[PDB]
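Letters go in sequence order (proteins before strands), and every chain restarts at 1.
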Amino acid sequence: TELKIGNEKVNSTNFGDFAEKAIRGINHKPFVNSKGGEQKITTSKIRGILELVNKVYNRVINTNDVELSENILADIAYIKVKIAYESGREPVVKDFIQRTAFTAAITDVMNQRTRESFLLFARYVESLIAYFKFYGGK
Amino acid sequence: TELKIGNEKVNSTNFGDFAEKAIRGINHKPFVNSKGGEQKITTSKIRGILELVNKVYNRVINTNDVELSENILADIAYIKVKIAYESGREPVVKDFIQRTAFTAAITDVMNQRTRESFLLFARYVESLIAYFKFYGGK
Amino acid sequence: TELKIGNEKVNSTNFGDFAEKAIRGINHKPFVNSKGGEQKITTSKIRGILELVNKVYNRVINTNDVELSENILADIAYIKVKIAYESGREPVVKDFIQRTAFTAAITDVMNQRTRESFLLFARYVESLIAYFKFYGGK
Amino acid sequence: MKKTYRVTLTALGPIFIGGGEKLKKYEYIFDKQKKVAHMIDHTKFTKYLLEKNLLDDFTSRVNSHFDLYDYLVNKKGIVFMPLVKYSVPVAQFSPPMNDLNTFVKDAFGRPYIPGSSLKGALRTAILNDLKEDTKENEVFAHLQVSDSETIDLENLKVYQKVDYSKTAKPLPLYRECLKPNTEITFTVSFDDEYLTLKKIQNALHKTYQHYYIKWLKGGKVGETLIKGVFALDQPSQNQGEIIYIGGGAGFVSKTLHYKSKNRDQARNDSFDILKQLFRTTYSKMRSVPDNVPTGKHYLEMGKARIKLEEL
Amino acid sequence: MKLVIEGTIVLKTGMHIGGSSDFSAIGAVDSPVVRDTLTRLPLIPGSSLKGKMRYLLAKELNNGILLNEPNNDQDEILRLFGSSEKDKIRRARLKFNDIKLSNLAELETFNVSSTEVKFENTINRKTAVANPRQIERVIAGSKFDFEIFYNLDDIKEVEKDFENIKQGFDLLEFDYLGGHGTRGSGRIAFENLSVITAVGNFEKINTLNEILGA
Amino acid sequence: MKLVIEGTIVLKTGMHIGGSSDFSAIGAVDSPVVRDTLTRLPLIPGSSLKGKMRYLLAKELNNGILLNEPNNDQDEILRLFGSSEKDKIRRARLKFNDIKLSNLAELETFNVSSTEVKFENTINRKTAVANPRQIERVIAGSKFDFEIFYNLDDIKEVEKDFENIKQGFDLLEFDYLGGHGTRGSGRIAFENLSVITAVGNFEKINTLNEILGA
RNA sequence: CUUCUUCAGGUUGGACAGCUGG
């Protein structure tokens, strides 16, 4: 019922307020692609991870149990692998995952081994998408 | 019993008048798109937000407790997240949210944490729907 | 007393005559749609408004205070909000409210804020419905 | 009335339709010696990672470069029997295999020509008249094309873009393509009042004629002839039996202005509309061939042989 | 009685029966498919299948002409699919049902999701600009076991009704079920068709099962 | 002697019992379902379940056809559902009740509301233009535990009465309960059908349970 | 070496409305 972005992650609140703050900080100083360059993130570079997270959410919502099964754990491992791949592809997804502690959320969900942990992680992912589209987007 | 908007205030009795003036301001100065195009918001654009508001209204009204529960507040925070997402998806929806005070009212409901504040917020959104359909409609 | 109906006021000796006159003017040159009319209003189109008015009347009639309380004024404000709702939901109700000034009477009650003003409004509404039947109906 | 028409497509050259793009080797293995590329079964890949060296250790090295060839066999020294789904030969014919555009596939990994691909390839022919009637045009609202049928995984290959401007310059873009001489099955239907088979054939023939005598042959007699000849046969006047489907077909195949205006007007219109898109101090567009074994067999990119039949 | 027309809908291509973009996870595909609210399984609405089958059968029973209202179709169409006529209201003999995805176990063991994300774009001919598009479709090979209830209002006109039902099922074969069927999506293939008796037993049911399976 | 018929109604597909559509707040769905006024819980009215069960049972019991007024049904139908004739007033042995859904907690476990919104359109045939609409449905998987009171008036026909009751429940399982049933909605199932004695004991309650369970 | 992450169009219509008995 709680994972670690670095400070706290409660179901009741601040699962979207921390998305507020992460997106505001990203807009506060956007990533620098190169010394003589200007860069801004596009939501098309998160889409694979979003698809994987949504698929795992659909798989886990139909479970009357707390701990995620072994196949779901392999799916979360795949989610982390895809995070690494799509972060290494364009090194602005690297900045996006670093400043949002998204990989840290993945690791916390893996450690907790609880359904509500992944549900709150998915809620934070939805908050990140929502507040990125709100302030920025494109 | 009293939700904040900024300079102006909304109570249990003046919610309808404030919703009417907010809608009238929108119709008097309709939102202009990027290509010099005036647009009118549709009920289907905010249908998901309205159903989320009504979904948690049903569970709030079946609760004779002054303080809102943790899961109810989680639902309300998710509603605010969805409002931000829909604002980021459509510029006209974002303009409708900004001209009204859905974000301000919902965050004041999160601030007050009380059952009556959310009921007055639901009253305000109902009055905004009513006066939106009164003048322009879908 | 002296309930303002926009053009001409009504009081305890007037409401029935003006209700009958408004209903007869409804039947003379009735509402026209975009497709050339030619239907009139039905009871199951303002039934919700009538039920709200009945509930508020029951609440007021059990109070001896000359001034309406804020808890009842909230109910009257919601009545006005709903009247705006079905007025914009269908134009066959909009002109019915306009010509038989439900909204003007509601505003005058919400301004006088007195028990007698709302009682006169309720009597006017009852006479309006009574003359709407026996001449039209449905 | 509606008449169905089974459609068979044979790609004379390589045809590429994308479904995703991958950077340097992270999701696939490339043995540079044997010119063979292996795609790792990713779920078995993560199961193997869970069974062996830690996933964090594996993913701590994704900082560009980092080919899986020099990690699975060099840094770990392990064999990869289960980490394969299909193999694709590679055509390196001096810019390295930096990027690989994989062919579009369904859930099970089978390649297939997706929806609206053949629809656009037919719109680029039937739309010969005007650019106005596009959405409300009832011509294509009644045209009904289907998806491709089963395609063998063995019929895939990796090719590099090749140029025509005064030489054949290799390009860093490498993409996955179906090899030539591969049979593809479709199914297209349409209303008789709005469209007819002979109308489709006439549109295809007119498009190919304006492509060949005005652009292909015209651009050949304006740039060079002996550069193509390795083979570069490029047959023409084949009863309008040619359609260009897939990526790398050319900028001409995606625009309809050479077949509605003469040479000079269409040339100037293309130059003006493309200089807005791209700021290059260059000249008219050039062909986009490729090479395949060994000789430099020049094949026209996206060249497909389109034949139809009743029902 | 209540003859049950059973079978299976197999997706030859991806199918996109349009669900609401809202009422789902934030950040999902722009155009999602309709799903069961509880199980999140992809759904074939009974109303959509009924409407497509009625459109195809009424067109085929009217020599490929349909410019009339649904209540002004053929007598067989009106009796199978119902009517709201003022003169006489015909109760529909066919009762369609919402069809859930059924072969989720085999899709799980083949390591494929129930839905695939399709990558599409539209390119102008005046300008070489292609606008990206995101569309969700249920993957091909997805089975959909259904159950259509049939009413024996009259016993004489049951073989003709089931012949019409088979004709409607076969018309869906050379057509799409829902969504962007113009562009290759939504191809279906009925299989394992059969008819069973809900209560007790029905004579000559073998004749109906023979004209329904082939 | 009085008997209580326990059981659960499980929604196989979405169910839509038409609501008031005049008091469900402002800005709600176009066509709402009927709900309990206090708890806002969707319910199956006893009148609607009774009417559907009576229609199906009277149609199946008489000849398979049913065209008469409700008061001119068979003796079994009249003794189970009551009659208001002049000289033949049958007191109904069955007392139906409004059925609110009970597994709201189970539905909230899957983070889904009790009711969904179903998007439908009608495509005008002469124009080929769609007309979208929205309806509200109680989601599939909702459970409605009901209670029906049986007046044990004649000991000589309680077995036949319960055979008819089980038959009516079976007929409801091959039909729909309220709403746009032919268009995929309203399919229900019955399980945990057990009859218990309201007060005291019934010496043939074991035979009643086995005909109510099979 | 190139940018677009979706744009455009529909947004509910018709029917029934209390009847029998004391």
Side-chain angles (χ1 to χ4, degrees), chain A residues 41-48 50 129 132-133 136-138, chain B residues 33-35 37 39-47 88-90 133 136-138, chain C residues 33 35 39 42-44 47 89-90 137-138, chain D residues 95 98-99 134-137 141 161 163 169 171-173 251 274-282, chain E residues 18 20-21 27-31 69-72 82-89 117-124 127-135, chain F residues 18 21 29-31 69-72 82-89 118-124 127-135:
Chain A
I41 192 66
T42 300
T43 187
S44 85
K45 290 181 258 275
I46 301 169
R47 65 183 180 180
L50 303 190
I129 305 152
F132 166 57
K133 273 215 187 75
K138 303 294 178 287
Chain B
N33 208 10
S34 177
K35 40 182 166 192
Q39 293 179 356
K40 309 289 194 146
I41 297 89
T42 304
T43 318
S44 69
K45 295 289 179 188
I46 62 170
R47 181 79 257 187
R89 287 290 277 166
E90 289 99 14
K133 271 196 69 67
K138 276 168 262 272
Chain C
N33 297 114
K35 56 178 73 176
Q39 71 274 15
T42 75
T43 312
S44 70
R47 195 174 280 282
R89 184 176 176 87
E90 41 194 353
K138 295 181 176 66
Chain D
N98 198 284
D99 278 312
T134 54
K135 189 259 288 182
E136 203 89 1
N137 198 10
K161 277 173 72 182
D163 204 70
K169 65 186 98 155
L171 280 156
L173 197 151
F251 162 73
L274 188 153
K275 93 192 285 286
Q276 297 170 172
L277 300 163
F278 320 124
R279 289 199 225 287
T280 54
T281 314
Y282 292 166
Chain E
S20 181
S21 285
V29 73
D30 311 314
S31 185
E69 300 326 294
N71 277 353
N72 290 144
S83 198
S84 54
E85 295 262 36
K86 296 295 289 290
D87 267 322
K88 181 69 176 177
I89 287 167
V117 171
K118 187 180 181 64
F119 281 91
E120 274 206 346
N121 74 80
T122 178
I123 190 167
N124 289 18
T127 294
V129 65
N131 198 340
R133 167 163 76 260
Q134 282 299 146
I135 301 290
Chain F
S21 83
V29 71
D30 298 348
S31 75
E69 290 285 301
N71 266 318
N72 307 107
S83 178
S84 80
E85 273 291 328
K86 274 284 302 172
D87 53 345
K88 275 89 69 176
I89 298 192
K118 196 209 182 308
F119 291 73
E120 291 143 291
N121 59 2
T122 177
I123 307 190
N124 189 359
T127 316
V129 65
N131 187 294
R133 76 192 168 268
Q134 293 83 18
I135 76 165

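B:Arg89 comes within 4.0 angstrom of sugar-phosphate atoms only, judged by non-hydrogen atoms across all strands, and of no base. At the heavy-atom level, F:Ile123 lies nowhere under 4.0 Å from the strands shown. Using a 4.0 Å heavy-atom criterion, one finds that F:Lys86 contacts the sugar-phosphate atoms exclusively. Backbone-only engagement by A:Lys138 is indicated by non-hydrogen atom pairs under 4.0 Å involving sugar-phosphate atoms exclusively. Within the nucleic acid shown, D:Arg279 has no heavy atom closer than 4.0 Å to any nucleic acid atom. Using a 4.0 Å heavy-atom cutoff across all strands shown, A:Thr43 reaches sugar-phosphate atoms only and no base atom.
B:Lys35 has a side-chain polar atom (N or O) that falls below the 4.0 Å cut-off from OP1 or OP2 of G:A8.
Put simply, CG on E:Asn121 is 14 Å from P on G:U6, counting in whole angstrom units. Taking atom CG on E:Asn131 and atom P on G:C4, their separation rounds to 11 Å, with Å as the unit. Nucleotide G:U5 holds its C1' atom 16 Å from the NZ atom of E:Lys118, rounded to whole Å. In this structure, the CG atom of E:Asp87 is 19 Å from the P atom of G:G14, given to the nearest Å.
Residue whose closest nucleotide on RNA chain G sits further toward the 5' end, between B:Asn33 and E:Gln134: E:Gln134. Along RNA chain G, the nucleotide nearest to E:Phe119 and the one nearest to F:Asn71 differ in position, and the one closer to the 5' end is contacted by E:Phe119.
Closest to the side chain of E:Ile135, out of G:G9, G:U6, G:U11, is G:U6. The D:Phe278 side chain lies nearest to G:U2 when the options are G:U5, G:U6, G:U2.
Annotation: B:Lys45, atom NZ; neighbour count of heavy atoms from other residues, nucleotides and ligands within 6.0 Å does not exceed 12.
Bases G:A17 and G:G18 do not qualify as stacked neighbours, criterion being ring centres under 5.5 Å and ring planes under 30°.
With a negative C1'-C2'-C3'-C4' torsion, the sugar ring of G:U5 falls in the south range.
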